[PDB]
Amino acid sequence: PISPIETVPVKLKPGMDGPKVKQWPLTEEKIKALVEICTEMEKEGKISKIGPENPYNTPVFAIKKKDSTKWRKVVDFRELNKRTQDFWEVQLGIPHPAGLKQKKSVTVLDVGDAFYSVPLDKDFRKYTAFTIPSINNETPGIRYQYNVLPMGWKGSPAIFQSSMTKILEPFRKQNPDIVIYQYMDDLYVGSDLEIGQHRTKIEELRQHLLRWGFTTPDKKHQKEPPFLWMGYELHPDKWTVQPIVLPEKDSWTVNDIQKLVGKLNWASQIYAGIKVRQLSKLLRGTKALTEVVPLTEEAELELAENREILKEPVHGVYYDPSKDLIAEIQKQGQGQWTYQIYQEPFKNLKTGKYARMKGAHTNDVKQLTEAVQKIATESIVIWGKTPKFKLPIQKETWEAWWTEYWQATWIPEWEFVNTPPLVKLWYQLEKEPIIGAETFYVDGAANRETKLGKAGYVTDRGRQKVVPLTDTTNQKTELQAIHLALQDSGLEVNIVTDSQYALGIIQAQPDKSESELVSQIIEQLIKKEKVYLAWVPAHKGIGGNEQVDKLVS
């Protein structure tokens, strides 16, 4: 049937006209599948024959459905889509089973031929003109236009969703104690009514839907657990992901690895401790999706660990609004973090991971803070509130950080949890100069046209060094000069530089870097006992700085 709901008015972008592209050849099975849907869709009023005074066209094809032998008619509206107005999409996100509450009675229903039940704005229909080929070289194809939302058109999802929202609204206001998760044409319906009253409400919902032209076929009407929903399985007390099958190859392409990393990220929502850093490294610097990539040793190890985790059965549980949400995080190494969200111990609502590298230079305290922020955002999305945190960082470590770091920072209510490795600051610059420690005046300069440079130092103990450098930069020579002072000094040292750039990096206490040079400076800072680092303006004849600046020249 076709909804009597009002059409949504739609325009082409200004200046634009409609598509004019010729149909391609398709197969006999596909053509007969299309004719069964086309001449039947015409009989249902879904399309109408048109002729040559309509100057638009677009080509059509068909793909198989997961609903047995049924085919899905789709038209290649790439051109019409570019010329169609923009839309504000109303699907803001994807519902998650960990946000469901336990319900006494649950139904999952699906609308039949959902897009084809919503009428298309009459003035727009002419732009959807297509043609069914039928063996191509037999006769010229018959021309049609859509009267309903076509699959493949940019506007169809939003106009369907908004129409579905309006049709459900009479029913939602009338039954506030019934939860209806509405995802496209798929309706999860939960309630705390007894099954008899519940089935009464389902039948009423189905009838309201049918008066608006939305069928609910029996094959897609689930009334018994486990419910198949959004790629999960809903049991009364728990939920699971539908099975995850990892590719197994003896030679891997880039595209294979890309598929494997995707599956693992999907798994990481319920499987704790998944890691993908070493597998993802394999994608860096490749240049074709069919290029063979040999797995490094680290990636085989990571893969083997994930496979072990995936062997074990896991489930999430459902949300209890009367209990706190709790989020716990563990460090996994090389900027990888994994977390669990629960309310009762050892009963996870869900898990996840954070592994993004933000910035050229960073440290574990910052990345922990990023993971906290990702989890805070995800918790607002799923549950409407943020959790309490359990974090593997000492209160003194945090307090040391946010009082020595110049940017505002914060972490909400959290409790220390001793699950090594702990998050820690790996060194701390002294706030005052160190008595009895050598004082290094450092400098590096580079010639920007030459790319040649020098890095050097002078010392209050009379020490001096200049090293030549090749294919370098201004900023690199300054890092290099500091590297050299750390290399030649004892366990305690005073350093004076005129590079705000270098001071800027080091003062943030990074413990990792995309730069091999900054990494070497970091490992040197970590081995020192005390380091005081001070800045002076360049080219101002300041004692020590002026002498090393003279010497670098």
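One-based numbering along the sequence shown.
- Relative to one another, 280 to 288 and 355 to 363 have unequal mean CA B-factors, and 280 to 288 is the one with the higher figure.
- According to the PDB record, 72 to 80 carries the higher mean C-alpha B-factor of the two stretches 267 to 275 and 72 to 80.
- Per the PDB entry, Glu203 shows the highest C-alpha temperature factor of the residues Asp256, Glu478, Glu328, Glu203.
- In the deposited coordinates, the residue among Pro420, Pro387, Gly152, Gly462 with the greatest CA B-factor is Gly462.
- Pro510: CA B factor in the lowest third of modelled residues in this chain (values from the PDB entry).
- Among all modelled residues in its chain, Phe416 ranks in the middle third by Cα B-factor.
- Annotation for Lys238: CA B-factor lies in the middle third of the chain's modelled residues.
- When the CA B factors of the chain's modelled residues are split into thirds, the value for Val314 lands in the middle one.
- In the PDB entry, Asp113 places in the middle third of its chain by CA B-factor.
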